[PDB]
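Student: Right, I'll just put the structure down here and ask away after.
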Amino acid sequence: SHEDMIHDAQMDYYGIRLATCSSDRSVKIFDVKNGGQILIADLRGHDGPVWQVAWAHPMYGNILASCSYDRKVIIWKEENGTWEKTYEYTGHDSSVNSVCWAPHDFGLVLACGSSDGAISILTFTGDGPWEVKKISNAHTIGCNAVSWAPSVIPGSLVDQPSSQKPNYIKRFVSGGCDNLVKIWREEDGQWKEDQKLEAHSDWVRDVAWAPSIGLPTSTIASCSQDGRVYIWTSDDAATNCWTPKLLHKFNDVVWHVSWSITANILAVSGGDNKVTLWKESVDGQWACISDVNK
Amino acid sequence: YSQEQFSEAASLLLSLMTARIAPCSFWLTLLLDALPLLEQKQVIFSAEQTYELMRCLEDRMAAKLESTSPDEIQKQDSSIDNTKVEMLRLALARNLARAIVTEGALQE
Amino acid sequence: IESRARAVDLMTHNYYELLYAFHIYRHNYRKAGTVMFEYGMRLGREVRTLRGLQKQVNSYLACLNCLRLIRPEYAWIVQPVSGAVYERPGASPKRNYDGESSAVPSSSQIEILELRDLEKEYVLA
Amino acid sequence: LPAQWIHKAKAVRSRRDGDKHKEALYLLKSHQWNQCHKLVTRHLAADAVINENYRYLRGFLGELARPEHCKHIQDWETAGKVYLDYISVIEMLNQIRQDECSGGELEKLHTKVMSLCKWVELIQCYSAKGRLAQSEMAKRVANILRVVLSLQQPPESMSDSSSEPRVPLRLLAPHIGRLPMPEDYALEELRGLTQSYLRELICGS
């Protein structure tokens with residue numbers, strides 16, 4: 001199979017097809033069944049090394065996006081058993097590093113950040129245009145990691161019935177390489193400054209939104225190069241109640257954070273060739289409930 | 001042609017094209033001149049051989065289009081030349097159809 | 001003529017090429033190409049000589065000549081499969097050889113044949 | 001638990017896997033009227049007309065024809081009940097000959113056929129296969145129209161003695177001339193139209 005080790009690889013909503021992307025310059029795809037699997041494809045195209053892809057929601061169907069070093073994002077849609085290259089964007093000065101789909105409640109818009117110091121957000125009508133939402137000086141240096149708003153999370157919606165549809169304000173988070181993290185809300189047609197966060201005196205590497213189903217509060221696991229893992233939490237941003245807590249003091253450059261598809265636990269890639277499996281215990285504290293030696 | 005030597009003219013042309021030599025842009029004019037012979041009531045016309053002529057013509061025009069655009073000049077007469085080429089091949093088809101008709105009416 | 005042509009043997013005359021020439025007379029490229037292609041079909045079903053191979057080559061040749069005339073909004077043909085035809089008029093009935101299964105009208109047992117497919121076929125021929 | 005959600009889920013499942021029967025069934029069952037409309041128009045109409053499986057989409061269009069469904073879908077009137085009309089006329093004319101015919105439905109045949117001739121024009125095909133099914137429809141309607149115009153003078157109960165009536169092509173032509181026609185059977189149709197215009201012009205204005 002792949003000529004270079006895998007950064008990212010994602011199964012579907014249905015567990016029956018797997019996309020696997022390396023910096024090995026191409027991305028290969030298996031059908032998944034019975035425990036067996038046939039490599040159905042190996043999509044080429046990416047004239048920069050590949051890191052990340054992005055699947056979309058099932059009520060839309062089957063949609064993938066990908067970033068590369070060549071400042072190209074390639075956009076793949078599956079037909080008749082054939083995934084193929086549907087939209088592709090470039091115009092970027094530095095390698096496009098972060099791509100992530102928005103909740104289908106907000107729609108078919110991908111977020112696209114790069115260490116350019118600035119970030120675009122691209123909408124696909126699904127048949128039509130690719131609406132561009134480009135924000136310059138988003139960083140004074142560059143963008144490392146970005147996360148959306150997950151669309152629905154407790155805190156004020158208990159009194160809001162299931163029959164109606166609530167207002168969908170757009171917000172999100174990210175952290176860059178100017179030693180800072182930042183928080184954004186969308187209005188006036190554009191995005192403005194929820195929050196500035198300066199606690200990691202070094203560059204932040206990865207960011208983790210706790211899928212706050214059951215949580216009125218807003219919960220962040222921020223991992224930087226400086227070995228400090230901050231759980232940032234605010235019950236209310238309007239009363240400005242974001243506070244840092246230590247999750248773990250790893251002595252390695254702290255790398256990756258990703259919540260479960262089951263939205264229960266967090267996987268943290270450490271400078272140990274390991275992925276620590278942490279769960280916020282039922283009581284009050286964050287316990288590394290398991291590990292995977294990479 | 002100039003002394004209207006239809007039989008041996010056509011035989012030579014058949015032999016030459018079966019020899020399969022020279023660039024396409026000129027086989028254009030080749031069959032352009034072959035036109036009135038094809039028009040004339042002649043029984044030696046082997047329509048099937050005429051049609052490897054035309055299928056090679058298709059092959060060559062496809063290759064010509066792939067290798068270059070027939071008209072890189074935008075003028076009132078470039079589209080004239082093009083549509084003239086399609087009309088030419090349409091004339092090829094229609095004249096061959098007539099020749100087949102005459103051949104059959106003579107096979108009686 | 002089709003009543004006669006189906007009823008009589010093909011080796012006496014190609015009434016199919018006869019009708020094809022009529023098609024040419026009447027400027028009907030669709031029907032002409034279909035006739036010549038189906039006569040190639042009949043030859044392929046019936047005979048297996050290399051002369052016959054040249055013959056189906058000519059058949060498919062002429063059909064795609066009609067293709068040279070066909071308008072893009074019609075780039076396809078129908079072809080239904082059916083049973084055999086009577087042979088030896090003036091002789092006893094039930095004279096049937098080889099043959100093909102009959103189709104089903106309340107469905108689509110017919111085959112629609114377009115540019116690229118038929119040129120695949122002629123290239124292989 | 002309301003089967004609305006289960007039909008939603010198995011419907012998107014089917015839209016993933018490609019089981020035509022199942023997407024159609026569960027789209028009907030959950031009544032996504034507009035999108036089910038649009039998808040059936042895209043695919044299912046041609047499928048059923050060319051494969052002659054009128055039963056299923058017959059029930060389909062029948063339940064869709066309910067006026068409230070017409071209210072929640074744009075352009076139901078444009079196509080769906082139109083093809084429902086096609087198929088209904090086809091079946092009833094078939095059965096009227098499956099028994100001994102009665103003019104009390106033959107007159108309705110004439111009235112609705114010559115009318116819907118006026119709206120065959122407004123058929124809009126945005127696909128090659130859509131226009132192909134349109135062509136198949138046109139050729140079949142020409143065939144059945146020839147058959148019925150021949151048989152409306154039944155072989156033992158002739159309607160008119162020997163009269164050659166004036167053809168309603170004076171109304172048919174301005175609308176039938178608005179669509180193209182394949183020269184395969186356009187030949188015979190156009191020839192019949194030739195002798196029609198001959199008498200029409202020898203007896204013109």
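Just so we're on the same page: first chain in the structure tokens is A, next is B, and so on; residues restart at 1 for each chain, and ligands are numbered from 1 in the order they show up.
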Give me the residues near residue B:39 as a compact mmCIF listing (two decimals) with N, CA, C and O atoms, in the first residue's frame, where near means some atom within 9 Å (using only C-alpha atoms) and where sequence neighbours in that chain fewer than 5 positions away do not count.
Tutor:
```
# COMPACT_ATOMS: atom_id res chain seq x y z
N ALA B 34 -10.78 14.80 -56.00
CA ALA B 34 -11.42 13.53 -56.33
C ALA B 34 -12.93 13.66 -56.48
O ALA B 34 -13.56 12.77 -57.07
N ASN B 95 -22.50 11.81 -52.09
CA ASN B 95 -22.02 11.33 -53.38
C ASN B 95 -21.74 9.84 -53.33
O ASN B 95 -22.03 9.12 -54.29
N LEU B 96 -21.17 9.36 -52.23
CA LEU B 96 -20.96 7.93 -52.10
C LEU B 96 -22.28 7.18 -52.12
O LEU B 96 -22.40 6.11 -52.72
N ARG B 98 -25.00 8.13 -53.67
CA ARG B 98 -25.43 8.10 -55.07
C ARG B 98 -24.64 7.08 -55.88
O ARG B 98 -25.21 6.39 -56.73
N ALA B 99 -23.34 6.99 -55.64
CA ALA B 99 -22.51 6.04 -56.37
C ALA B 99 -22.95 4.61 -56.06
O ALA B 99 -22.97 3.75 -56.94
```
Student: Can you check which residues of chain D have any atom within 9 Å of chain C? Use only C-alpha atoms and format it as an MDAnalysis selection string.
Tutor: chainID D and resid 50:53 128 131:132 182:184 187
Student: Could you pull the residues within 12 Å of residue D:100, counting only C-alpha atoms, minus those fewer than 6 positions along the same chain, as a ChimeraX atom specification?
Tutor: /D:93-94,106,154,156-157
Student: Selected residues, N, CA and C atoms, written as a PDB file, in the first residue's frame, please.
Tutor:
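This went into part.pdb:
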```
ATOM      1  N   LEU D  93     -58.185   2.904 -23.072  1.00  0.00           N
ATOM      2  CA  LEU D  93     -58.375   2.544 -24.470  1.00  0.00           C
ATOM      3  C   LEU D  93     -58.010   1.088 -24.715  1.00  0.00           C
ATOM      4  N   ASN D  94     -56.983   0.583 -24.033  1.00  0.00           N
ATOM      5  CA  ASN D  94     -56.685  -0.837 -24.142  1.00  0.00           C
ATOM      6  C   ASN D  94     -57.862  -1.688 -23.691  1.00  0.00           C
ATOM      7  N   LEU D 106     -65.494   6.459 -26.093  1.00  0.00           N
ATOM      8  CA  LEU D 106     -64.733   6.786 -27.292  1.00  0.00           C
ATOM      9  C   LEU D 106     -64.750   8.288 -27.553  1.00  0.00           C
ATOM     10  N   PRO D 154     -65.400   1.325 -36.833  1.00  0.00           N
ATOM     11  CA  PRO D 154     -65.265  -0.105 -36.543  1.00  0.00           C
ATOM     12  C   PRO D 154     -65.686  -0.944 -37.732  1.00  0.00           C
ATOM     13  N   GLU D 156     -67.622  -3.175 -38.351  1.00  0.00           N
ATOM     14  CA  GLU D 156     -69.013  -3.573 -38.521  1.00  0.00           C
ATOM     15  C   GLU D 156     -69.985  -2.489 -38.058  1.00  0.00           C
ATOM     16  N   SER D 157     -69.485  -1.393 -37.488  1.00  0.00           N
ATOM     17  CA  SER D 157     -70.343  -0.312 -37.017  1.00  0.00           C
ATOM     18  C   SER D 157     -69.771   1.037 -37.430  1.00  0.00           C
TER      19      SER D 157
END
```
Student: Any idea what's packed within 12 Å of stretch 87-89 of chain D, counting only C-alpha atoms, ignoring anything in its chain fewer than 4 positions away? Could you give it as a PyMOL selection string?
Tutor: chain D and resi 45+48-49+52-59+61-62+80-83+93-96+105-106+108-114+116+137+140-141+144-145
Student: What residues in chain B lie within 8 Å of chain C, counting only C-alpha atoms, written as a list in words?
Tutor: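 Listing them in order of chain and number gives residues 48, 51, 90, 93, 97, 98, 100, 101 and 104 of chain B.
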Student: Show which residues sit within 9 Å of stretch 17-24 of chain B, as a PyMOL selection string. Count only C-alpha atoms, and ignore same-chain residues fewer than 5 positions away.
Tutor: chain B and resi 12+49+52-53+57+60-61+64
Student: Hey, can you spit out that residue selection with N, CA, C and O atoms as a compact mmCIF listing (two decimals), in the first residue's frame?
Tutor:
```
# COMPACT_ATOMS: atom_id res chain seq x y z
N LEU B 12 -4.91 5.29 -59.93
CA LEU B 12 -3.68 5.81 -59.33
C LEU B 12 -3.95 6.38 -57.96
O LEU B 12 -3.18 6.16 -57.02
N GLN B 49 -13.47 0.55 -50.48
CA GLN B 49 -12.17 1.21 -50.53
C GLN B 49 -12.27 2.72 -50.41
O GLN B 49 -11.49 3.35 -49.67
N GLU B 52 -12.45 3.15 -46.64
CA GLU B 52 -11.24 3.27 -45.84
C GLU B 52 -10.58 4.62 -46.10
O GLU B 52 -9.99 5.21 -45.19
N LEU B 53 -10.75 5.15 -47.31
CA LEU B 53 -10.35 6.54 -47.52
C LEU B 53 -11.01 7.45 -46.49
O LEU B 53 -10.32 8.16 -45.75
N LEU B 57 -9.77 9.47 -43.22
CA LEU B 57 -10.02 10.91 -43.16
C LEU B 57 -10.52 11.32 -41.78
O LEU B 57 -10.08 12.33 -41.23
N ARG B 60 -7.61 11.15 -39.41
CA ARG B 60 -6.67 12.23 -39.63
C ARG B 60 -7.23 13.57 -39.18
O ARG B 60 -6.49 14.40 -38.66
N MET B 61 -8.53 13.79 -39.36
CA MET B 61 -9.10 15.05 -38.90
C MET B 61 -9.17 15.09 -37.39
O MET B 61 -8.96 16.14 -36.78
N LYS B 64 -5.67 15.85 -36.44
CA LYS B 64 -5.41 17.25 -36.73
C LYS B 64 -6.00 18.15 -35.65
O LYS B 64 -5.34 19.08 -35.18
```
Student: Run DSSP on the backbone and give me the residues of chain C it puts in helix (DSSP H, G or I), as a PyMOL selection string.
Tutor: chain C and resi 2-7+15-25+29-46+50-69+72-74+115-124
Student: Report as a PyMOL selection string all protein, DNA and RNA residues lying within 10 Å of residue C:53, evaluated on only C-alpha atoms, omitting residues in the same chain fewer than 3 positions from it.
Tutor: chain C and resi 40+43-44+47-50+56-59+125
Student: Show me, as a ChimeraX atom specification, the residues that have an atom within 10 Å of residue C:82 when counting only C-alpha atoms, minus same-chain residues fewer than 5 positions from it.
Tutor: /C:99-104,109-110
